[PDB]
>>> print(open('final_21.tsv').read())   # TSV, N, CA and C atoms
chain	number	residue	atom	x	y	z
A	22	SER	N	20.57	-21.87	13.04
A	22	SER	CA	21.90	-21.28	12.69
A	22	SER	C	22.03	-19.76	12.93
A	23	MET	N	23.28	-19.32	12.97
A	23	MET	CA	23.58	-17.91	13.10
A	23	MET	C	23.18	-17.14	11.84
A	24	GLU	N	23.38	-17.72	10.65
A	24	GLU	CA	22.97	-17.03	9.39
A	24	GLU	C	21.43	-16.72	9.43
A	25	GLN	N	20.63	-17.72	9.84
A	25	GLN	CA	19.15	-17.60	9.86
A	25	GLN	C	18.72	-16.46	10.76
A	26	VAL	N	19.39	-16.32	11.89
A	26	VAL	CA	19.18	-15.17	12.80
A	26	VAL	C	19.56	-13.77	12.21
A	27	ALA	N	20.73	-13.72	11.53
A	27	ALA	CA	21.20	-12.50	10.77
A	27	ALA	C	20.14	-12.07	9.73
A	28	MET	N	19.70	-13.06	8.93
A	28	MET	CA	18.59	-12.92	7.97
A	28	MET	C	17.33	-12.34	8.66
A	29	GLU	N	16.88	-13.04	9.70
A	29	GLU	CA	15.74	-12.62	10.49
A	29	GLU	C	15.90	-11.21	11.08
A	30	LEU	N	17.11	-10.84	11.51
A	30	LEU	CA	17.35	-9.46	11.99
A	30	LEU	C	17.16	-8.44	10.84
A	31	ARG	N	17.57	-8.80	9.61
A	31	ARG	CA	17.37	-7.98	8.37
A	31	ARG	C	15.88	-7.88	7.99
A	32	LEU	N	15.17	-9.00	7.88
A	32	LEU	CA	13.71	-8.99	7.69
A	32	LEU	C	13.00	-8.12	8.75
A	33	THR	N	13.50	-8.16	9.97
A	33	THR	CA	12.94	-7.38	11.06
A	33	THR	C	13.22	-5.93	10.86
A	34	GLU	N	14.42	-5.64	10.40
A	34	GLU	CA	14.77	-4.25	10.13
A	34	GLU	C	14.04	-3.70	8.88
A	35	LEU	N	13.79	-4.56	7.91
A	35	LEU	CA	13.00	-4.17	6.74
A	35	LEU	C	11.58	-3.83	7.18
A	36	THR	N	11.01	-4.72	8.00
A	36	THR	CA	9.70	-4.53	8.60
A	36	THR	C	9.61	-3.24	9.38
A	37	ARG	N	10.68	-2.86	10.10
A	37	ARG	CA	10.70	-1.60	10.82
A	37	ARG	C	10.63	-0.41	9.87
A	38	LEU	N	11.44	-0.47	8.82
A	38	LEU	CA	11.46	0.58	7.80
A	38	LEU	C	10.10	0.64	7.03
A	39	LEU	N	9.59	-0.52	6.62
A	39	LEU	CA	8.30	-0.58	5.93
A	39	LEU	C	7.13	-0.07	6.78
A	40	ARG	N	7.16	-0.31	8.10
A	40	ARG	CA	6.14	0.24	9.00
A	40	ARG	C	6.12	1.76	9.03
A	41	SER	N	7.29	2.37	8.99
A	41	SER	CA	7.40	3.81	8.95
A	41	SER	C	6.90	4.36	7.57
A	42	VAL	N	7.30	3.69	6.49
A	42	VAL	CA	6.81	4.01	5.15
A	42	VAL	C	5.28	3.91	5.15
A	43	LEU	N	4.72	2.85	5.72
A	43	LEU	CA	3.28	2.67	5.69
A	43	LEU	C	2.58	3.79	6.47
A	44	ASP	N	3.18	4.20	7.59
A	44	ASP	CA	2.61	5.32	8.37
A	44	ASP	C	2.63	6.62	7.60
A	45	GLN	N	3.72	6.88	6.90
A	45	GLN	CA	3.82	8.06	6.08
A	45	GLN	C	2.84	8.08	4.89
A	46	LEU	N	2.58	6.91	4.30
A	46	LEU	CA	1.65	6.84	3.14
A	46	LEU	C	0.22	7.04	3.59
A	47	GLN	N	-0.10	6.40	4.68
A	47	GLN	CA	-1.38	6.52	5.24
A	47	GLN	C	-1.72	7.99	5.70
A	48	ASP	N	-0.72	8.79	6.09
A	48	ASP	CA	-0.95	10.21	6.41
A	48	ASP	C	-1.32	11.01	5.18
A	49	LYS	N	-0.93	10.57	3.98
A	49	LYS	CA	-1.40	11.23	2.76
A	49	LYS	C	-2.86	10.93	2.35
A	50	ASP	N	-3.56	10.20	3.21
A	50	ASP	CA	-4.97	9.77	3.10
A	50	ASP	C	-5.77	10.20	4.36
A	51	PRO	N	-5.84	11.52	4.65
A	51	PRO	CA	-6.54	11.93	5.91
A	51	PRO	C	-8.04	11.61	5.89
A	52	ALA	N	-8.64	11.64	4.70
A	52	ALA	CA	-10.03	11.17	4.54
A	52	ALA	C	-10.29	9.69	4.90
A	53	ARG	N	-9.23	8.87	4.95
A	53	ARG	CA	-9.35	7.45	5.23
A	53	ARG	C	-10.16	6.68	4.16
A	54	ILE	N	-10.02	7.10	2.90
A	54	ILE	CA	-10.65	6.41	1.74
A	54	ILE	C	-10.06	4.98	1.56
A	55	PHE	N	-8.78	4.83	1.91
A	55	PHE	CA	-8.03	3.57	1.67
A	55	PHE	C	-7.71	2.74	2.93
A	56	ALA	N	-8.29	3.13	4.06
A	56	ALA	CA	-7.99	2.53	5.35
A	56	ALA	C	-8.41	1.09	5.53
A	57	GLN	N	-9.52	0.74	4.90
A	57	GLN	CA	-10.15	-0.53	5.16
A	57	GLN	C	-10.58	-1.13	3.82
A	58	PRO	N	-10.76	-2.45	3.78
A	58	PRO	CA	-11.23	-3.05	2.51
A	58	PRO	C	-12.55	-2.44	2.02
A	59	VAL	N	-12.71	-2.33	0.71
A	59	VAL	CA	-14.00	-1.99	0.16
A	59	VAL	C	-15.05	-3.04	0.65
A	60	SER	N	-16.13	-2.56	1.28
A	60	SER	CA	-17.23	-3.43	1.77
A	60	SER	C	-18.02	-4.17	0.66
A	61	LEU	N	-18.03	-5.50	0.69
A	61	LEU	CA	-18.78	-6.27	-0.25
A	61	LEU	C	-20.27	-6.24	0.12
A	62	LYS	N	-20.60	-5.89	1.37
A	62	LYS	CA	-22.01	-5.58	1.73
A	62	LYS	C	-22.50	-4.29	1.05
A	63	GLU	N	-21.67	-3.25	1.00
A	63	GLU	CA	-22.01	-1.95	0.35
A	63	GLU	C	-21.68	-1.78	-1.17
A	64	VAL	N	-20.74	-2.59	-1.68
A	64	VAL	CA	-20.44	-2.67	-3.12
A	64	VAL	C	-20.44	-4.15	-3.52
A	65	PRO	N	-21.67	-4.73	-3.68
A	65	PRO	CA	-21.77	-6.18	-3.85
A	65	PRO	C	-21.18	-6.69	-5.18
A	66	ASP	N	-21.07	-5.85	-6.19
A	66	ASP	CA	-20.48	-6.25	-7.48
A	66	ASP	C	-18.92	-6.09	-7.53
A	67	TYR	N	-18.30	-5.72	-6.39
A	67	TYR	CA	-16.95	-5.14	-6.43
A	67	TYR	C	-15.98	-6.14	-7.04
A	68	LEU	N	-16.09	-7.38	-6.64
A	68	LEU	CA	-15.21	-8.44	-7.13
A	68	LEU	C	-15.42	-8.87	-8.59
A	69	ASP	N	-16.55	-8.51	-9.22
A	69	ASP	CA	-16.70	-8.62	-10.67
A	69	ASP	C	-15.77	-7.61	-11.40
A	70	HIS	N	-15.39	-6.53	-10.71
A	70	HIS	CA	-14.61	-5.44	-11.29
A	70	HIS	C	-13.14	-5.56	-10.93
A	71	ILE	N	-12.88	-5.81	-9.66
A	71	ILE	CA	-11.56	-5.72	-9.11
A	71	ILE	C	-11.20	-7.14	-8.60
A	72	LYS	N	-10.15	-7.71	-9.19
A	72	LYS	CA	-9.73	-9.09	-8.87
A	72	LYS	C	-8.81	-9.24	-7.67
A	73	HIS	N	-8.05	-8.20	-7.37
A	73	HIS	CA	-7.17	-8.22	-6.23
A	73	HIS	C	-7.35	-6.94	-5.40
A	74	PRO	N	-8.39	-6.91	-4.56
A	74	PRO	CA	-8.59	-5.78	-3.65
A	74	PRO	C	-7.44	-5.60	-2.67
A	75	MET	N	-7.18	-4.33	-2.35
A	75	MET	CA	-6.16	-4.00	-1.39
A	75	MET	C	-6.56	-2.75	-0.61
A	76	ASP	N	-5.98	-2.61	0.58
A	76	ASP	CA	-6.28	-1.49	1.51
A	76	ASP	C	-5.16	-1.44	2.57
A	77	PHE	N	-5.03	-0.31	3.25
A	77	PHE	CA	-4.00	-0.15	4.25
A	77	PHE	C	-4.06	-1.14	5.43
A	78	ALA	N	-5.25	-1.55	5.88
A	78	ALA	CA	-5.28	-2.47	7.02
A	78	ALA	C	-4.77	-3.86	6.60
A	79	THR	N	-5.16	-4.28	5.40
A	79	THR	CA	-4.73	-5.56	4.86
A	79	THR	C	-3.20	-5.50	4.70
A	80	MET	N	-2.63	-4.38	4.22
A	80	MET	CA	-1.15	-4.27	4.10
A	80	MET	C	-0.47	-4.40	5.48
A	81	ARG	N	-1.04	-3.69	6.46
A	81	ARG	CA	-0.55	-3.75	7.82
A	81	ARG	C	-0.58	-5.18	8.45
A	82	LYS	N	-1.62	-5.97	8.25
A	82	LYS	CA	-1.61	-7.32	8.79
A	82	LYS	C	-0.43	-8.09	8.15
A	83	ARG	N	-0.23	-7.89	6.85
A	83	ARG	CA	0.86	-8.60	6.17
A	83	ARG	C	2.24	-8.12	6.70
A	84	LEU	N	2.40	-6.83	6.83
A	84	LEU	CA	3.58	-6.22	7.38
A	84	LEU	C	3.92	-6.87	8.74
A	85	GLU	N	2.96	-6.90	9.66
A	85	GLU	CA	3.22	-7.36	11.01
A	85	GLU	C	3.47	-8.86	11.15
A	86	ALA	N	3.04	-9.67	10.17
A	86	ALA	CA	3.47	-11.06	10.04
A	86	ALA	C	4.78	-11.18	9.24
A	87	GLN	N	5.54	-10.08	9.13
A	87	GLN	CA	6.77	-10.02	8.31
A	87	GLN	C	6.61	-10.70	6.94
A	88	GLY	N	5.46	-10.47	6.31
A	88	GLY	CA	5.14	-11.05	5.02
A	88	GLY	C	5.62	-10.26	3.81
A	89	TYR	N	6.30	-9.12	4.00
A	89	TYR	CA	6.97	-8.44	2.84
A	89	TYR	C	8.49	-8.77	2.83
A	90	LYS	N	8.93	-9.52	1.83
A	90	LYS	CA	10.35	-9.97	1.73
A	90	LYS	C	11.25	-8.83	1.26
A	91	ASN	N	10.70	-7.87	0.51
A	91	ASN	CA	11.48	-6.77	-0.08
A	91	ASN	C	10.52	-5.60	-0.38
A	92	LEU	N	11.06	-4.42	-0.63
A	92	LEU	CA	10.28	-3.22	-0.95
A	92	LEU	C	9.40	-3.34	-2.19
A	93	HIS	N	9.85	-4.12	-3.16
A	93	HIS	CA	9.06	-4.34	-4.38
A	93	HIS	C	7.68	-4.96	-4.06
A	94	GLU	N	7.63	-5.95	-3.20
A	94	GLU	CA	6.36	-6.59	-2.82
A	94	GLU	C	5.39	-5.58	-2.13
A	95	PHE	N	5.94	-4.72	-1.28
A	95	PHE	CA	5.21	-3.70	-0.57
A	95	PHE	C	4.63	-2.67	-1.54
A	96	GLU	N	5.47	-2.16	-2.42
A	96	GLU	CA	5.06	-1.25	-3.50
A	96	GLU	C	3.96	-1.82	-4.41
A	97	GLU	N	4.04	-3.11	-4.73
A	97	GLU	CA	3.00	-3.78	-5.51
A	97	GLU	C	1.62	-3.64	-4.85
A	98	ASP	N	1.57	-3.89	-3.55
A	98	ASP	CA	0.33	-3.72	-2.77
A	98	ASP	C	-0.14	-2.26	-2.73
A	99	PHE	N	0.79	-1.32	-2.60
A	99	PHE	CA	0.41	0.11	-2.56
A	99	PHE	C	-0.18	0.52	-3.91
A	100	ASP	N	0.46	0.05	-4.98
A	100	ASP	CA	-0.02	0.28	-6.31
A	100	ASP	C	-1.40	-0.36	-6.55
A	101	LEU	N	-1.71	-1.53	-5.97
A	101	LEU	CA	-3.07	-2.09	-6.09
A	101	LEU	C	-4.08	-1.15	-5.51
A	102	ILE	N	-3.74	-0.57	-4.35
A	102	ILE	CA	-4.72	0.33	-3.71
A	102	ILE	C	-5.10	1.45	-4.70
A	103	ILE	N	-4.07	2.05	-5.34
A	103	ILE	CA	-4.28	3.19	-6.23
A	103	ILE	C	-4.97	2.75	-7.51
A	104	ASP	N	-4.44	1.68	-8.09
A	104	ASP	CA	-4.86	1.28	-9.42
A	104	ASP	C	-6.30	0.74	-9.41
A	105	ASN	N	-6.69	0.01	-8.37
A	105	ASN	CA	-8.03	-0.52	-8.23
A	105	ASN	C	-9.02	0.64	-8.19
A	106	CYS	N	-8.64	1.69	-7.44
A	106	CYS	CA	-9.50	2.83	-7.25
A	106	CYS	C	-9.72	3.60	-8.56
A	107	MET	N	-8.66	3.79	-9.32
A	107	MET	CA	-8.72	4.52	-10.59
A	107	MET	C	-9.47	3.77	-11.70
A	108	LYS	N	-9.62	2.45	-11.56
A	108	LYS	CA	-10.41	1.68	-12.52
A	108	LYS	C	-11.89	1.65	-12.10
A	109	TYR	N	-12.16	1.40	-10.84
A	109	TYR	CA	-13.55	1.28	-10.36
A	109	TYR	C	-14.27	2.61	-10.37
A	110	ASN	N	-13.57	3.69	-10.01
A	110	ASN	CA	-14.21	5.01	-9.94
A	110	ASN	C	-13.88	5.88	-11.13
A	111	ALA	N	-14.88	6.63	-11.60
A	111	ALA	CA	-14.65	7.57	-12.69
A	111	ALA	C	-13.73	8.73	-12.31
A	112	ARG	N	-13.10	9.23	-13.34
A	112	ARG	CA	-12.18	10.38	-13.26
A	112	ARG	C	-12.71	11.60	-12.49
A	113	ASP	N	-14.00	11.88	-12.60
A	113	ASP	CA	-14.61	13.03	-11.92
A	113	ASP	C	-15.04	12.81	-10.44
A	114	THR	N	-14.57	11.75	-9.78
A	114	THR	CA	-15.10	11.38	-8.47
A	114	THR	C	-14.07	11.73	-7.43
A	115	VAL	N	-14.55	11.97	-6.20
A	115	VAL	CA	-13.69	12.22	-5.07
A	115	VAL	C	-12.74	11.02	-4.81
A	116	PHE	N	-13.21	9.82	-5.07
A	116	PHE	CA	-12.39	8.63	-4.85
A	116	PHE	C	-11.22	8.56	-5.82
A	117	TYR	N	-11.50	8.75	-7.10
A	117	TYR	CA	-10.42	8.70	-8.13
A	117	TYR	C	-9.38	9.77	-7.84
A	118	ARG	N	-9.87	10.98	-7.59
A	118	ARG	CA	-8.98	12.08	-7.28
A	118	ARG	C	-8.14	11.85	-6.02
A	119	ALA	N	-8.73	11.21	-5.05
A	119	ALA	CA	-7.97	10.86	-3.82
A	119	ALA	C	-6.82	9.88	-4.11
A	120	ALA	N	-7.05	8.92	-5.01
A	120	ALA	CA	-6.00	8.02	-5.44
A	120	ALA	C	-4.88	8.74	-6.21
A	121	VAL	N	-5.23	9.66	-7.11
A	121	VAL	CA	-4.23	10.41	-7.83
A	121	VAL	C	-3.33	11.16	-6.83
A	122	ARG	N	-3.93	11.76	-5.81
A	122	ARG	CA	-3.19	12.54	-4.83
A	122	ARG	C	-2.26	11.67	-3.96
A	123	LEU	N	-2.77	10.52	-3.54
A	123	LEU	CA	-1.99	9.51	-2.75
A	123	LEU	C	-0.81	8.98	-3.55
A	124	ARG	N	-1.03	8.74	-4.85
A	124	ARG	CA	0.00	8.29	-5.76
A	124	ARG	C	1.13	9.35	-5.85
A	125	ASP	N	0.76	10.58	-6.20
A	125	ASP	CA	1.75	11.63	-6.37
A	125	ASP	C	2.61	11.89	-5.12
A	126	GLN	N	1.93	11.96	-3.99
A	126	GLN	CA	2.54	12.16	-2.70
A	126	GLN	C	3.32	10.98	-2.17
A	127	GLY	N	2.76	9.80	-2.31
A	127	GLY	CA	3.47	8.57	-2.02
A	127	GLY	C	4.80	8.44	-2.74
A	128	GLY	N	4.85	8.93	-3.98
A	128	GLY	CA	6.05	8.85	-4.85
A	128	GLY	C	7.34	9.32	-4.20
A	129	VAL	N	7.24	10.41	-3.45
A	129	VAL	CA	8.38	11.03	-2.76
A	129	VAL	C	8.91	10.11	-1.65
A	130	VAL	N	7.98	9.58	-0.85
A	130	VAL	CA	8.28	8.71	0.29
A	130	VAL	C	8.94	7.43	-0.21
A	131	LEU	N	8.37	6.87	-1.26
A	131	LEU	CA	8.85	5.62	-1.86
A	131	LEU	C	10.23	5.76	-2.56
A	132	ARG	N	10.46	6.91	-3.16
A	132	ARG	CA	11.71	7.23	-3.79
A	132	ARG	C	12.84	7.21	-2.74
A	133	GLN	N	12.62	7.82	-1.56
A	133	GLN	CA	13.61	7.79	-0.49
A	133	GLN	C	13.70	6.41	0.20
A	134	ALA	N	12.58	5.71	0.37
A	134	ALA	CA	12.65	4.35	0.93
A	134	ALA	C	13.52	3.42	0.08
A	135	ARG	N	13.46	3.53	-1.26
A	135	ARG	CA	14.26	2.67	-2.11
A	135	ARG	C	15.77	2.92	-1.88
A	136	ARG	N	16.16	4.18	-1.71
A	136	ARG	CA	17.54	4.56	-1.43
A	136	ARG	C	17.98	4.03	-0.05
A	137	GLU	N	17.10	4.11	0.97
A	137	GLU	CA	17.37	3.58	2.31
A	137	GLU	C	17.52	2.07	2.36
A	138	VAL	N	16.71	1.35	1.59
A	138	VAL	CA	16.79	-0.11	1.52
A	138	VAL	C	18.05	-0.60	0.78
A	139	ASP	N	18.42	0.07	-0.31
A	139	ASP	CA	19.73	-0.14	-0.99
A	139	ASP	C	20.91	0.23	-0.07
A	140	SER	N	20.85	1.45	0.47
A	140	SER	CA	21.90	2.01	1.34
A	140	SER	C	22.21	1.12	2.55
A	141	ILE	N	21.22	0.85	3.40
A	141	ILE	CA	21.39	-0.03	4.58
A	141	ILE	C	21.47	-1.53	4.24
A	142	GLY	N	21.18	-1.92	3.00
A	142	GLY	CA	21.17	-3.34	2.60
A	142	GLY	C	19.79	-3.90	2.85
>>> encode(input="final_21.tsv", output="structure tokens")
Amino acid sequence: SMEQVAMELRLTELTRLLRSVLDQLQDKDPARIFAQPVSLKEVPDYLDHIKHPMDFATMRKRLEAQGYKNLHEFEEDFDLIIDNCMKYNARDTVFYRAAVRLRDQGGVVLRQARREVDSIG
């Protein structure tokens, strides 16, 4: 149907906007602390601590399969990246501090993305 195509053009346009958001968030991580999944070879206990691991590459695979239906789902994944890090790593660590910085900086980008998604529909 024509409606299904209109829908698909919107999901596609959301995906376009979310890809730009993801590029902007990832630039707030120049160290690349969040680029890839935490290695279970290098942190073998990780899944005893963290039940839903997340990372930018995993978000990107989902993005490119148009697997984010709305901005809320995307934000949930971004928040896992931050929140997992702040629980696993102590407050005095480069990792915890990197998450705090990504969170604060991400906030601005996400605040404008929400207005763009409402605004354009």
>>> residues_around(input="final_21.tsv", residues="residue 84 in chain A", least_positions_apart="4", cutoff="8 Å", atoms="only N, CA and C atoms", output="PyMOL selection string")
chain A and resi 36-37+39-40+78-80+88-89
>>> write_last_selection(input="final_21.tsv", atoms="N, CA and C atoms", output="JSON list (two decimals), in the coordinates of the input")
[["chain", "number", "residue", "atom", "x", "y", "z"],
["A", 36, "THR", "N", 11.01, -4.72, 8.00],
["A", 36, "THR", "CA", 9.70, -4.53, 8.60],
["A", 36, "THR", "C", 9.61, -3.24, 9.38],
["A", 37, "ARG", "N", 10.68, -2.86, 10.10],
["A", 37, "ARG", "CA", 10.70, -1.60, 10.82],
["A", 37, "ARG", "C", 10.63, -0.41, 9.87],
["A", 39, "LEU", "N", 9.59, -0.52, 6.62],
["A", 39, "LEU", "CA", 8.30, -0.58, 5.93],
["A", 39, "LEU", "C", 7.13, -0.07, 6.78],
["A", 40, "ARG", "N", 7.16, -0.31, 8.10],
["A", 40, "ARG", "CA", 6.14, 0.24, 9.00],
["A", 40, "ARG", "C", 6.12, 1.76, 9.03],
["A", 78, "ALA", "N", -5.25, -1.55, 5.88],
["A", 78, "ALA", "CA", -5.28, -2.47, 7.02],
["A", 78, "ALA", "C", -4.77, -3.86, 6.60],
["A", 79, "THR", "N", -5.16, -4.28, 5.40],
["A", 79, "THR", "CA", -4.73, -5.56, 4.86],
["A", 79, "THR", "C", -3.20, -5.50, 4.70],
["A", 80, "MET", "N", -2.63, -4.38, 4.22],
["A", 80, "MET", "CA", -1.15, -4.27, 4.10],
["A", 80, "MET", "C", -0.47, -4.40, 5.48],
["A", 88, "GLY", "N", 5.46, -10.47, 6.31],
["A", 88, "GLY", "CA", 5.14, -11.05, 5.02],
["A", 88, "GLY", "C", 5.62, -10.26, 3.81],
["A", 89, "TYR", "N", 6.30, -9.12, 4.00],
["A", 89, "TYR", "CA", 6.97, -8.44, 2.84],
["A", 89, "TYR", "C", 8.49, -8.77, 2.83]]
>>> select_by_dssp(input="final_21.tsv", residues="chain A", states="helix (DSSP H, G or I)", output="PyMOL selection string")
chain A and resi 23-48+67-70+77-85+92-109+115-141
>>> residues_around(input="final_21.tsv", residues="range 114-118 of chain A", least_positions_apart="4", cutoff="12 Å", atoms="only C-alpha atoms", output="ChimeraX atom specification")
/A:50,52-55,59,102-110,122-125
>>> residues_around(input="final_21.tsv", residues="residue 133 in chain A", least_positions_apart="6", cutoff="12 Å", atoms="only C-alpha atoms", output="PyMOL selection string")
chain A and resi 38-39+41-42+45+92+127+139-140
>>> closest_residue(input="final_21.tsv", among="A:48, A:90, A:31, A:101", to="residue 74 in chain A", atoms="all atoms listed in the file")
A:101
>>> atom_distance(input="final_21.tsv", atom1="CA of residue 94 in chain A", atom2="CA of residue 73 in chain A")
14.0 Å
>>> closest_residue(input="final_21.tsv", among="A:111, A:120, A:72, A:91", to="residue 35 in chain A", atoms="only C-alpha atoms")
A:91
>>> axis_aligned_box(input="final_21.tsv", around="range 110-118 of chain A", padding_each_side="5 Å", output="lines of an AutoDock Vina configuration file")
center_x = -11.6
center_y = 8.4
center_z = -9.1
size_x = 17.0
size_y = 19.3
size_z = 18.5
>>> atom_distance(input="final_21.tsv", atom1="atom C of residue 44 in chain A", atom2="atom N of residue 97 in chain A")
15.8 Å
>>> atom_distance(input="final_21.tsv", atom1="CA of residue 128 in chain A", atom2="atom N of residue 70 in chain A")
27.0 Å
>>> closest_residue(input="final_21.tsv", among="A:86, A:64, A:119, A:30", to="residue 49 in chain A", atoms="all atoms listed in the file")
A:119
>>> closest_residue(input="final_21.tsv", among="A:75, A:43, A:61, A:68", to="residue 130 in chain A", atoms="only C-alpha atoms")
A:43
>>> build_atoms(input="final_21.tsv", residues="range 77-95 of chain A", atoms="N, CA, C and O atoms", output="compact mmCIF listing (two decimals), in the frame of the given file")
# COMPACT_ATOMS: atom_id res chain seq x y z
N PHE A 77 -5.03 -0.31 3.25
CA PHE A 77 -4.00 -0.15 4.25
C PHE A 77 -4.06 -1.14 5.43
O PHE A 77 -3.01 -1.52 5.96
N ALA A 78 -5.25 -1.55 5.88
CA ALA A 78 -5.28 -2.47 7.02
C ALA A 78 -4.77 -3.86 6.60
O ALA A 78 -4.13 -4.59 7.35
N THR A 79 -5.16 -4.28 5.40
CA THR A 79 -4.73 -5.56 4.86
C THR A 79 -3.20 -5.50 4.70
O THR A 79 -2.54 -6.41 5.16
N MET A 80 -2.63 -4.38 4.22
CA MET A 80 -1.15 -4.27 4.10
C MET A 80 -0.47 -4.40 5.48
O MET A 80 0.53 -5.10 5.66
N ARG A 81 -1.04 -3.69 6.46
CA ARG A 81 -0.55 -3.75 7.82
C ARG A 81 -0.58 -5.18 8.45
O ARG A 81 0.37 -5.59 9.10
N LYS A 82 -1.62 -5.97 8.25
CA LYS A 82 -1.61 -7.32 8.79
C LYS A 82 -0.43 -8.09 8.15
O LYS A 82 0.28 -8.86 8.83
N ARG A 83 -0.23 -7.89 6.85
CA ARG A 83 0.86 -8.60 6.17
C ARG A 83 2.24 -8.12 6.70
O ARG A 83 3.11 -8.92 7.06
N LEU A 84 2.40 -6.83 6.83
CA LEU A 84 3.58 -6.22 7.38
C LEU A 84 3.92 -6.87 8.74
O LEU A 84 5.02 -7.32 8.93
N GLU A 85 2.96 -6.90 9.66
CA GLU A 85 3.22 -7.36 11.01
C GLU A 85 3.47 -8.86 11.15
O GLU A 85 4.07 -9.27 12.14
N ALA A 86 3.04 -9.67 10.17
CA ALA A 86 3.47 -11.06 10.04
C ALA A 86 4.78 -11.18 9.24
O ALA A 86 5.07 -12.25 8.67
N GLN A 87 5.54 -10.08 9.13
CA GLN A 87 6.77 -10.02 8.31
C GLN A 87 6.61 -10.70 6.94
O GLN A 87 7.50 -11.39 6.47
N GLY A 88 5.46 -10.47 6.31
CA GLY A 88 5.14 -11.05 5.02
C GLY A 88 5.62 -10.26 3.81
O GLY A 88 5.37 -10.69 2.67
N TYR A 89 6.30 -9.12 4.00
CA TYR A 89 6.97 -8.44 2.84
C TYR A 89 8.49 -8.77 2.83
O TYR A 89 9.22 -8.35 3.70
N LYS A 90 8.93 -9.52 1.83
CA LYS A 90 10.35 -9.97 1.73
C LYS A 90 11.25 -8.83 1.26
O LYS A 90 12.42 -8.82 1.59
N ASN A 91 10.70 -7.87 0.51
CA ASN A 91 11.48 -6.77 -0.08
C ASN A 91 10.52 -5.60 -0.38
O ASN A 91 9.32 -5.79 -0.31
N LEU A 92 11.06 -4.42 -0.63
CA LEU A 92 10.28 -3.22 -0.95
C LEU A 92 9.40 -3.34 -2.19
O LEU A 92 8.33 -2.71 -2.26
N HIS A 93 9.85 -4.12 -3.16
CA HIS A 93 9.06 -4.34 -4.38
C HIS A 93 7.68 -4.96 -4.06
O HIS A 93 6.70 -4.52 -4.57
N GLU A 94 7.63 -5.95 -3.20
CA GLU A 94 6.36 -6.59 -2.82
C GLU A 94 5.39 -5.58 -2.13
O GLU A 94 4.20 -5.60 -2.35
N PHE A 95 5.94 -4.72 -1.28
CA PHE A 95 5.21 -3.70 -0.57
C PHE A 95 4.63 -2.67 -1.54
O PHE A 95 3.44 -2.38 -1.48
